[PDB]
Amino acid sequence: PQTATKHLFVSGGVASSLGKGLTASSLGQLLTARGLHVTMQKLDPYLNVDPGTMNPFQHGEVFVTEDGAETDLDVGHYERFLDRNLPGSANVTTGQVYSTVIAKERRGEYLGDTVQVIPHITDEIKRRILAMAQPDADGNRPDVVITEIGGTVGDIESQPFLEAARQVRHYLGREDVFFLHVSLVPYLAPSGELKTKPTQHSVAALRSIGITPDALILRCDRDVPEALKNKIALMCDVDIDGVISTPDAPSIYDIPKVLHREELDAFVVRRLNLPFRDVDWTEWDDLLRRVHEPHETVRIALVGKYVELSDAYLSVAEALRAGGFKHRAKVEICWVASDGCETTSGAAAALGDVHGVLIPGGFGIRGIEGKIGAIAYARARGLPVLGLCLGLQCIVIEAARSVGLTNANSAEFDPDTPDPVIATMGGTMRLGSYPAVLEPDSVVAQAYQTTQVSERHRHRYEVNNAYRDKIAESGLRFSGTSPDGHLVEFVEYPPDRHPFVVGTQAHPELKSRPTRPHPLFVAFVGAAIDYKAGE
Amino acid sequence: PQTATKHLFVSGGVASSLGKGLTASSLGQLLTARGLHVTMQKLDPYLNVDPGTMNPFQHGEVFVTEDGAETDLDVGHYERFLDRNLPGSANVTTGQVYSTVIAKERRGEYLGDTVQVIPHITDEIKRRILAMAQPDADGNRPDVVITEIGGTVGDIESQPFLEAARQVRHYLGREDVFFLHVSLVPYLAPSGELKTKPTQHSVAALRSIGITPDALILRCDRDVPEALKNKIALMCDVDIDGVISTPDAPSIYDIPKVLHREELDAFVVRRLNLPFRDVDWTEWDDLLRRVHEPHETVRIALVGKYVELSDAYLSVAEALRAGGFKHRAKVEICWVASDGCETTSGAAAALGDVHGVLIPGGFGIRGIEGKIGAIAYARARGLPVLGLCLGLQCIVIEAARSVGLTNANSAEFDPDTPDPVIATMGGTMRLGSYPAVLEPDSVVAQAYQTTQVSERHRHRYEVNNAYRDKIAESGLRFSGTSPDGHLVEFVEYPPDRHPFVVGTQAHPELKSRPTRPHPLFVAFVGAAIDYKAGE
Amino acid sequence: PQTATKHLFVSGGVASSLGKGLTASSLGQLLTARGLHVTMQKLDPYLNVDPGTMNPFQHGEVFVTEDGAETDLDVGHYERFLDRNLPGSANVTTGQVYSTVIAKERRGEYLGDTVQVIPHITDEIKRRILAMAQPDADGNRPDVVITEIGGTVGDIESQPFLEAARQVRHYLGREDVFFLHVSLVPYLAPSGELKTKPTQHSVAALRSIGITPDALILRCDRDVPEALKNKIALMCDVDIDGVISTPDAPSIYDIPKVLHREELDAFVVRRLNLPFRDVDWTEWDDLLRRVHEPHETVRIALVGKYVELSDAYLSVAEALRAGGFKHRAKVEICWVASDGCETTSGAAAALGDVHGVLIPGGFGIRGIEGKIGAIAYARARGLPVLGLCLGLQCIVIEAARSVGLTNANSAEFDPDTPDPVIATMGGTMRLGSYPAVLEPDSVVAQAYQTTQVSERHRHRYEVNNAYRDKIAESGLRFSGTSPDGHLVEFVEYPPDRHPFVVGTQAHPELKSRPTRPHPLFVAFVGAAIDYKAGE
Ligand SMILES: O=c1ccn([C@@H]2O[C@H](COP(=O)(O)OP(=O)(O)OP(=O)(O)O)[C@@H](O)[C@H]2O)c(=O)[nH]1
Ligand SMILES: O=c1ccn([C@@H]2O[C@H](COP(=O)(O)OP(=O)(O)OP(=O)(O)O)[C@@H](O)[C@H]2O)c(=O)[nH]1
Ligand SMILES: O=c1ccn([C@@H]2O[C@H](COP(=O)(O)OP(=O)(O)OP(=O)(O)O)[C@@H](O)[C@H]2O)c(=O)[nH]1
Ligand SMILES: O=C(Cc1ccc(F)cc1)Nc1nc(-c2ccccn2)cs1
Ligand SMILES: O=C(Cc1ccc(F)cc1)Nc1nc(-c2ccccn2)cs1
Ligand SMILES: O=C(Cc1ccc(F)cc1)Nc1nc(-c2ccccn2)cs1
Ligand SMILES: NC(=O)CC[C@H](N)C(=O)O
Ligand SMILES: NC(=O)CC[C@H](N)C(=O)O
Ligand SMILES: NC(=O)CC[C@H](N)C(=O)O
Ligand SMILES: [Mg+2]
Ligand SMILES: [Mg+2]
Ligand SMILES: [Mg+2]
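Header annotation of the entry names cryo-EM as the structure determination method and lists the resolution as 2.8 Å.

1. Looking at the pairing of strand β22 (residues 488–492) of chain B
Consecutive side chains along a regular strand alternate between the two faces of the sheet. Residue and element names in this part refer to chain B. Within β22, 5 of the 5 residues are buried, which leaves it mostly tucked inside the rest of the structure. One ladder, built from 3 bridges, connects strand β21 (residues 477–481) with β22; its direction is antiparallel. Across the sheet, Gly480 pairs through a bridge with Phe490, a residue of β22. Between β21 and β22, which pair antiparallel in sequence order, lie 6 residues; one of them, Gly485, sits at a positive phi of approximately 80°. By the bridge criterion, 3 bridges tie β22 to strand β23 (residues 501–504) in an arrangement that is antiparallel. Across the sheet, the residue bridging to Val491 is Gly503, located in β23.

2. A short note on the UniProt feature "binding site: UTP" (unreviewed entry) in chain A
Residue and element names in this part refer to chain A. Mapped onto this structure's residue numbering, the UniProt feature "binding site: UTP" (unreviewed entry) falls at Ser16, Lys195, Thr196, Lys197, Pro198, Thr199, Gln200 and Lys231. In summary, the annotated positions, distributed over 216 residues, remain apart in three dimensions as well, the widest C-alpha pair reaching 24.2 Å. Note on placement: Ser16 falls in the loop between β1 (6–12) and α1 (20–33). Residue position: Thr199 is located in helix α7 (residues 197–208).

3. Some words on the relation of the copies chain B and chain A
Taken together, a rotation about one axis and a shift along it account for how the two chain copies relate. Overlay of chain B on chain A (RMSD 0.0 Å): rotation 180°, translation along the axis 0.0 Å. The superposition of one copy onto the other is thereby described by a two-fold rotation axis. In this assembly the copies share their binding face: 100% of the residues contributing to the interface of chain B also contribute to that of chain A.

4. Regarding helix α4 (residues 94–106) of chain B
Along its 13 residues, α4 of chain B runs 18 Å from first to last C-alpha, staying within 8% of the 18 Å computed at 1.5 Å per residue. Three or more residues of α4 of chain B are buried, namely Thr94, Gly95, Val97, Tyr98, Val101, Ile102, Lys104 and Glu105 of chain B. Where the residues of α4 of chain B are buried, they touch α4 (94–106) of chain A together with β2 (38–44), β5 (91–93), α5 (117–131) and α6 (159–172) of chain B. Measuring from the side-chain oxygen of the N-cap residue of α4 of chain B to the backbone nitrogen of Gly95 of chain B gives 3.2 Å; that N-cap residue is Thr93 of chain B.

5. Considering the site of ligand 4
As a matter of local geometry, ligand 4 sits amid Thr23, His77, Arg219, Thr246, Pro247, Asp248, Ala249, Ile252, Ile255, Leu314 and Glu318 of chain A together with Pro190 of chain C. Close to ligand 4, residues of chains A and C are found. One of the backbone N or O atoms of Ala249 of chain A is found 3.2 Å from a nitrogen atom in ligand 4. Calculation on ligand 4 without its partners gives an accessible area of 510 Å², and the protein chains cover 80% of this total. Secondary-structure elements contributing two or more residues to the shell around ligand 4 are β11 (243–247) and α12 (314–327) of chain A. Considering only residue class, the shell around ligand 4 consists of 6 nonpolar, 3 polar and 3 charged.

6. Details of the sheet that holds strand β19 (residues 452–459) of chain B
Residues and elements named next belong to chain B. With respect to topology, 9 strands assemble into an open sheet ordered β13-β12-β14-β15-β23-β22-β21-β18-β19, the strand pairing being mixed. Lying at the two open borders of the sheet, with one neighbouring strand each, are β13 (329–337) and β19. Within the sheet, the average angular offset between the axes of one strand and its neighbour, ignoring direction, is 25°. Along the sheet, helix α14 (residues 368–381) contacts β12 (296–304), β14 (356–359) and β15 (385–388); its crossing angle with β14, the most-contacted strand, is approximately 155°. Where helix α18 (residues 519–534) meets the sheet, it contacts β12, β13, β14, β15, β22 and β23, and its direction lies at approximately 115° from that of β12.

7. Focus: the site of ligand 6
Ligand 6 sits among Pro190 of chain A together with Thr23, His77, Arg219, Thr246, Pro247, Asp248, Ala249, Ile252, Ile255, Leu314 and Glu318 of chain C. Taken by itself ligand 6 offers 500 Å² of open surface, and the protein chains cover 81% of this. Taken together, the elements giving at least two residues each to the shell around ligand 6 come down to β11 (243–247) and α12 (314–327) of chain C. Partitioned by chemical class, the residues of the shell around ligand 6 number 6 nonpolar, 3 polar and 3 charged.

8. Focus on the interface of chain B and chain A
The accessible area lost on association of the parts is a frequent measure of interface size. Between chain B and chain A, the contact holds 27 residues from the first and 27 residues from the second. Taken together, the two surfaces of chain B and chain A that pack against each other cover about 2400 Å², and 59% of this comes from carbon and sulfur. When the shortest N-O distance is used, the salt bridge between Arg106 of chain B and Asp50 of chain A registers 2.9 Å. Mapped by element, the contributors of at least two residues to the side of chain B that touches chain A are α2 (56–59), α4 and α5 of chain B. The element best represented in the side of chain B that touches chain A is α4 of chain B, accounting for 7 residues. For the side of chain B that touches chain A, the class distribution of residues is 12 nonpolar, 10 polar and 5 charged.

9. Observations regarding the environment of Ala337 of chain A
Residues and elements named next belong to chain A. As for its position among the elements, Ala337 is in strand β13 (residues 329–337). Remark: the alpha-carbon pair of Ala337 and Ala301, spanning 36 residues in sequence, is separated by 9.7 Å. Those residues in contact with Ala337, other than ones at most four positions away along the chain, are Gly304, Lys305, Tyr306 and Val307.

10. Some remarks on the packing of helix α13 (residues 344–351) of chain C against helix α14 (residues 368–381) of chain C
Residue and element names in this part refer to chain C. Two elements in contact, α13 and α14, have axes separated by 9 Å at closest approach and are oriented at 70°. With respect to α14, the axis of α13 lies roughly perpendicular. Along the contact surface, α13 presents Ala347, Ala348 and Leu351, while α14 presents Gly373, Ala374 and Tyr377. Here the contact of α13 with α14 is built from residues that sort into 5 nonpolar, 1 polar and no charged.

11. Some words on the sheet that holds β5 of chain B
All names here are of chain B. Read from one edge to the other, the open sheet built from 7 strands follows the order β5-β2-β6-β1-β7-β10-β11, with strand pairing classed as parallel. At either margin of the open sheet sits one strand with a lone partner, and together these are β5 and β11 (243–247). The average undirected angle you get between the axes of adjacent strands in this sheet is 20°. Strand direction decides the pairing type here: strand β1 (residues 6–12) and strand β6 (residues 144–149), joined by 5 bridges, are parallel. Paired with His7 across the two strands is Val145, which belongs to β6. The sheet strands contacting helix α1 (residues 20–33) are β1, β2, β6, β7 (177–184) and β10 (215–220), and the helix crosses β6 at an angle near 175°. On the sheet, helix α7 (residues 197–208) packs against β1, β7 and β10 and is oriented at approximately 145° with respect to β7.

12. Remarks on the pairing of strand β18 (residues 430–438) of chain C
Residues and elements named next belong to chain C. Bridge analysis of β18 against strand β19 (residues 452–459) gives 8 bridges, and the strand direction is antiparallel. Paired with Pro435 across the strands is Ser454, a residue of β19. As judged from the 2 bridges shared by β18 and strand β21 (residues 477–481), these two strands associate in the antiparallel manner. Pairing of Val437 across the sheet is with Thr481, part of β21.

13. Examining the side chain of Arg219 of chain B
All names here are of chain B. Its place among the elements puts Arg219 in strand β10. At a separation of 2.7 Å, a polar atom in the side chain of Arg219 contacts the side chain of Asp248. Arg219 has contacts with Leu18, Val182, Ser183, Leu184, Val185, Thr246, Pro247 and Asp248, leaving out every residue within four places of it along the chain.

14. Remarks on the interface of chain C and chain A
Tallying the contact residues gives 22 residues for chain C and 22 residues for chain A. Taken together, both faces of the contact between chain C and chain A bury some 1400 Å²; the carbon and sulfur share is 61%. When the buried surface of chain C facing chain A is broken down by residue, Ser17, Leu188 and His201 of chain C rank first, second and third, together holding 27% of it. Summed over the shared surface of chain C and chain A, the result is 2 salt bridges. Inspection of the chain C/chain A interface yields 6 residue pairs in polar contact. In terms of residue count, helix α7 (residues 197–208) of chain C provides more of the side of chain C that touches chain A than any other element does, 3 residues in total. Classifying every residue of the side of chain C that touches chain A gives 10 nonpolar, 6 polar and 6 charged.

15. A short note on the UniProt feature "binding site: CTP" (unreviewed entry) in chain A
In the numbering used here, UniProt assigns the feature "binding site: CTP" (unreviewed entry) to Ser16, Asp155, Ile156, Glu157, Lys195, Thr196, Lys197, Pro198, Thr199, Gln200 and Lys231 of chain A. Take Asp155 of chain A: it is sitting in the loop between β6 (144–149) and α6 (159–172). For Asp155 of chain A, a relative accessible area of 12% translates into the label buried. Discounting residues that sit within four places of it in the chain, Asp155 of chain A has contacts with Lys197 and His201 of chain C.

Definitions and limits used
Residues numbered from 1 in each chain as written, not as in the entry; some residues may be left out. Chains lettered and ligands numbered in written order. Part of a larger assembly, values for the part shown. Heavy atoms only, no water. Buried < 20%, exposed > 50% of the residue type's maximum accessible area, 1.4 Å probe, protein only. Helix = DSSP H or I, 4+ residues; strand = E, 2+ residues; numbered from the N terminus. Pairing = 2+ DSSP bridges. UniProt positions renumbered as here; feature names shortened; annotations may be inferred. Least-squares fit on C-alpha atoms. Contact = heavy atoms within 4.5 Å. Expected span 1.5 Å × (residues − 1). Polar contact = N/O pair within 3.5 Å; in protein donor to acceptor, adjacent residues only side chain to side chain. Near = heavy atom within 4 Å. Areas by Shrake-Rupley, 256 points an atom, 1.4 Å probe, with all protein chains shown as cover. Nonpolar A, V, L, I, M, F, W, Y, C, P; charged D, E, K, R; others polar. Axes fitted to C-alpha atoms, helices over the stretch in contact; angles between N-to-C directions. Buried area = accessible area lost by both parts, 1.4 Å probe. Salt bridge = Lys/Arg side-chain N within 4 Å of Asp/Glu carboxyl O. Parallel < 35°, antiparallel > 145°, perpendicular 65-115°, else oblique.

Okay, here's the thing in structure tokens:
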């Protein structure tokens, strides 16, 4: 029968950006390929109640769950490597834990006590941790919960989450709880040596708060010598079979192979006494084939904020790559700044060499004149376009500006526009999954191969239903709607007007996975391949 | 001209209950008697937004300011030793600072940053500290702000307030900022020696977070030897003129004399470069005369929760003592449990030896049948009664039960009573100061020697105006009201019915001070003296 | 007139091997080129009383001072960058401080107290620090003492030296004392970013023991962005003019140019209120010319332990390079393992491509059969040879084996040899400087251009005077001796036997400096150039 649910606490030392979330995700994939029901959670030491207030260009994209919670992008890495939907519960923050305890205090639920960091804040954290172990919506209890602790050991803001994890270790005992600590091994070029001292000091910090690590992930630019691993194991009081050399992999999809080569998963399974079974590599070997052996290559313009890669579009880039993997193409992303595309000559300079244009949306942007101006170019050049949320809105304002409505805009972007073709139906923010119905033999229905779909939403403006008939004279079809028809969900040109120009109000990159590409990106990358081949 | 405003941070080590608030108050009195405009503030490390949720029998009375804020009782010690009204600003807590920062975050006021303990929580604390330095409602800038830091150095919950105080020291520099650290010197009886090691470890803890103490208050049951003070000064890196031996004083009013004997005030004034002037002892010498040389002695029953002293009635006890000081009486307080007074024989056993009965109110009590039953006894015995808030309500329900209304109660205490003579006019909670007008030649007007008064309120039930005429047939007069007459504020029997039986809806113990006793307690202790003398 | 002597404490964070000793040396050179009398000292946190017990291949060479003390090699970096002789006082260790205090205790010099880490160990450290400030053998008080603190902040063994430095800062005050902290900024390649978190945690550790850094040396593989320096200055409470970006330089002689470009020396001089004068670059500009613009290039075999660079021969390699600089040659060092040179074919394979053979000595070696075998080859091939200490001993045993004495050896290396031509005159270990007199028109006298010299010694075996006449028949001349003639100090072949083959019992690499090459290395590199050119 099933064991008690095990808890694995991934902590971090020396610095952030060591790839700790991708390490935890890869371990989740390894434990899943042995046949265990893994689930994952992140604790964020910052006070924002959710990232919906933070700028995504500075702090990365907001991820959205099926239930509509807004979360850190590591929940996106977990969903991609697990191929599992995660609840909003999967992202705790300090901002939420304090607000919850203070609200319980104002209602008198602590019966006249003084409220304190210990026990009340740590009890709320420990409650939110052990909540993840509860039977799912189908009654399946998970085998392992992998809680990743944000921040760095010895940040002030981390000290309640580490204390709650220590208390979970005290309550359940070592048979049920494992601590994995991620650390940096730096290389010093002038003297040609790897240094273990930062890992020693970081494990000493972790021991001074009452945690003993069961294993060490040694992040390094080169493979750590065995003599150094022995020195660490002796200095850190860690089993040598738990000292895992983790050099920089070529792609993120190789990290499971690195960890399996070191046998970290076997060490965890044995030390947690989990049911041992072999890793089924079949699916991930097929992914790594498509990743490493592309037959062709295509260039896609991502019409973003700036001419450089941004974590604001991490999920979009991953979804484009997965679309490529479906075709066994490479996808190379041309990061194109919107503002250079406001003039038609600037647009031609930015886009003329690419094979498709992706218009992403989000929050924290201005300057959609250059987005429309890239659409206006792409249509004349005959390039395929995929528009996501704001992308659809720019497509529909282009079409408004293609018929008579030369001053048309969104009410969001020109509050004085005489033609607000995009308008609040601040209105309701639609969040999470909503259903939609699709026109039969639409280009969208040919992509999805179904008439009914659902997608994840995060927007509050809509297509103004007063202009549907006007802008249909552009040629554009409203090939998908809410089941009542009240809301436009998808727009397309007919294939004889342009081979593939599609918009959606949703964020389909959120439902994409590397081993299960989303239909619209498979369709769009198809269209880009066909343009390149015919061009 | 006036200097920059100085900041004095009183911190605490080894344990709570060392009398740190009374020490800070006594230093405030000493600096005031030199002629400086002192003001005081407390920081509370607990998460309750205010103490109005805590039980006062477990955690002490809720103090109330003129503006109606609810605060820790140390604000009461400050008001009593300064004889100054303090704003609600004078009690910060963690509960308030977090709720404020989280609310600013939800409104987007941090412009897309991650919100962190440093800088944002420490900036909110530092802002609330330096707020105290601002010019008052008359434009007077204070000379010194004495912020007392709650908790113990090395409590987790204190670490943001100490960090904010360190940053204030960094911003203003040593010329403007002083740190006073209070510590315990224990005595070990089996080996007959005072131990300095706890003070060494507490100053080491304070130094490990970047604070250097300017002076040490050594709390002890006996006067610390000079050799030990020299050892501490050498071990702690403190000026020997800052090592202050502070043995347990006979009364709290002696603590200024202890501190002045050690010359702590001169050391502070010199080290802060404040305008040096001599202490005017005249008023406090008169207080210490009345305190130490009572001509007579009277017993007052405080009809409370239990037969032992409670911090739930600390201000009531201080106001009774100040009433005594006005007469040069001693007051001895008989702590009488209400529940023994429910039966008339039990009431007679509890009260028969005393000379007056005080019925206090508050929150966190049940059992007012025994309160009425003590009033019913006191009236038959001819003892004077002072009723505060709930005390008035019990007086008026006694009178309802004296005429025909034998099942009368408050709606608070029997929700099914057929005669709710006390009722919500949960209704409005009245908080802070409100004005009232008094009947000419009422016993209240003879006490106050004015027809217009104000008092501090904290209640939400009222006398039901539907029963005024009925209960006036008890003999009771509604000798004071709101200026519109809508609310009963004071009730009394005529002097020929009982010599002094008075109730008020307010908490007059909050406006009392040791050098300025409140009129109603001077009147009540007068009546008790006259009963004793005539009895 | 002269100020009080300033104290500069260079500390280290995150890891060792950051080049902290070379940074302190380069700052010493900069302050010297302004005209200040700098002096330097190192504190070693290890318990060895001196490095003469440690293996040099594992822990680097033992340096030797004029007075014969044995010290860490950082004293060699100080001597090379200052061009100043340093006393044995310049290397404190924990091993010495404890042994000194325990010996004073056994003699009763603490008059019956308990002896403690504080005050007695920290008083001994503080005494040894302030000793460096005393007037020199000519009466000159130094302007600055630059004490470098070994180890890493937060090593247990460092905590007494940091406490002593804090007490020096307390005693002399900020006007006289400066703290420079060296830290690592790592680069993470997968995400392309520099991380400041290790520096934040290392400065927090330094602040938790009561030290505030005046400046930060940021060691990095690339130049740190100004935005990061501003973030560090804000997070660390350091003046932005003290945040010094210190990327990896091409050669160690460039480090003064890096530090002067950042204006660190001006910041120190100003913050210490030292007499400001401009840097005279003339000599160091001439050095950097010769370093960066070599006209030719020569290969020298260093016949050592292994085929890789070793810190066991750091001073030898520096002396060879300085010899090159005198000629404006490059010197490239062929690291040749002795054991491959035991066979004549192996010797020919190891050495045939080089232009000169250097035979170094020391302790911690065996296998001098291969050293003699490289000499035997070099003589037949006509390559010049310089033999240092053990090198001379191998030359003289080669010559013993060239005449009749085929089993001759040292008594150190074959205790049963029937011909101990090298013998203990364990005998006296000669340490430090001794004088020697040289044969007129010896090859040595032509190198030194004097008949009288002194050199630094560290050996206990000698040439057996019983074999002088026998081995002179090899052709070898005893071209220098002790002034009494009792000890052989130099040996050479006549120029017609070999153009340059010289041995010495001393370690002339210790007296070499980059701006003042030692005569024997200038002569030997000359001979190698002449062989290459004629060959
Ligand atoms: O300058 C000095 C002087 C002395 N020591 C002494 O050397 C000991 C070892 O100090 P290390 O810096 O070499 O640490 P480590 O070898 O154990 O790990 P790595 O970072 O190199 O990988 C330390 O305990 C210290 O006492 C130094 O490290 N540096
Ligand atoms: O049992 C022992 C053994 C040895 N020692 C050693 O004695 C030294 C002094 O330790 P103390 O306990 O006496 O501290 P103190 O005199 O400075 O201050 P007081 O609390 O007594 O007032 C300490 O540094 C410790 O090394 C003990 O204290 N106790
Ligand atoms: O995974 C997480 C989650 C949350 N946070 C929160 O982000 C804040 C900043 O944490 P950083 O890691 O980014 O430190 P830093 O920017 O100040 O310096 P660098 O090393 O990057 O150069 C921290 O205070 C933490 O609360 C993380 O760092 N990582
Ligand atoms: O390549 C990227 C940038 C990126 C980030 C997130 C993405 F979804 C797609 C790309 N990051 C990488 N991290 C590693 C790694 C991590 C841990 C252990 C070993 N190697 C290799 S590459
Ligand atoms: O007597 C009481 C109990 C009490 C509390 C609060 C009150 F308002 C009335 C009484 N407390 C005392 N603290 C000291 C003391 C304090 C500091 C330094 C020296 N002595 C003497 S007595
Ligand atoms: O090149 C070597 C190896 C070596 C060691 C000692 C020697 F004597 C000769 C060579 N070390 C170097 N350290 C730096 C450096 C140091 C500090 C700051 C900036 N750059 C450049 S190169
Ligand atoms: N989620 C998004 O892309 C938002 C797009 C646009 N700002 C809107 O609110 O409609
Ligand atoms: N402040 C009090 O004494 C409250 C008394 C009573 N519980 C009321 O609310 O009316
Ligand atoms: N200093 C050295 O080179 C020592 C060489 C040899 N071991 C000797 O003692 O004579
Ligand atoms: Mg090492
Ligand atoms: Mg003692
Ligand atoms: Mg960062």
